[PDB]
Amino acid sequence: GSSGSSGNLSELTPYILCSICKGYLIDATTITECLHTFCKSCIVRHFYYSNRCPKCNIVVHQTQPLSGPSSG
Ligand SMILES: [Zn+2]
Ligand SMILES: [Zn+2]
Numbered sequence: 117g118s119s120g121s122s123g124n125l126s127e128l129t130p131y132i133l134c135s136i137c138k139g140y141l142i143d144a145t146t147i148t149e150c151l152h153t154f155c156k157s158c159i160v161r162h163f164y165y166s167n168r169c170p171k172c173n174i175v176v177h178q179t180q181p182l183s184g185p186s187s188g
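Each number in the numbering used here corresponds to the 1-based position in the sequence shown with 116 added.
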């Protein structure tokens with residue numbers, strides 16, 4: 117199977133890219149601290165293991181000052 121489709125080129129801020137996904141974004145959740153762009157799942161996932169920013173490495177104490185147990 118091919119299932120191959122693509123062909124899009126534009127000129128805009130190269131920041132759109134994700135420091136994690138290293139590609140396109142989905143939710144486009146911007147931080148209110150360092151003002152960085154990170155996919156909801158990305159920033160949310162990174163906050164699960166590390167309460168810091170995978171960009172500047174800052175302990176963003178916005179979501180919650182508590183780590184919390186392993187309750188799904
Ligand atoms: Zn991402
Ligand atoms: Zn940051």
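A virtual CB, placed ideally from N, CA and C, is assigned to each residue, including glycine.
- When C-alpha distances from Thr148 are compared across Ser183, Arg168 and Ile142, the shortest belongs to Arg168.
- Cβ neighbours of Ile159 within its own chain (closer than 6 Å, five residues either side excluded): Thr145.
- Residue nearest to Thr179 within the set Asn124, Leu125, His162 and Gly123 is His162 (criterion: CA-CA distance).
- The shortest CA-to-CA distance from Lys156 to any of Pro170, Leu141, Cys150 and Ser126 is the one to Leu141.
- Straight across, the Cα-Cα distance linking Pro130 with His152 is about 13 Å.
- When DSSP reads this structure, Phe154 sits in a beta bridge with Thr145.
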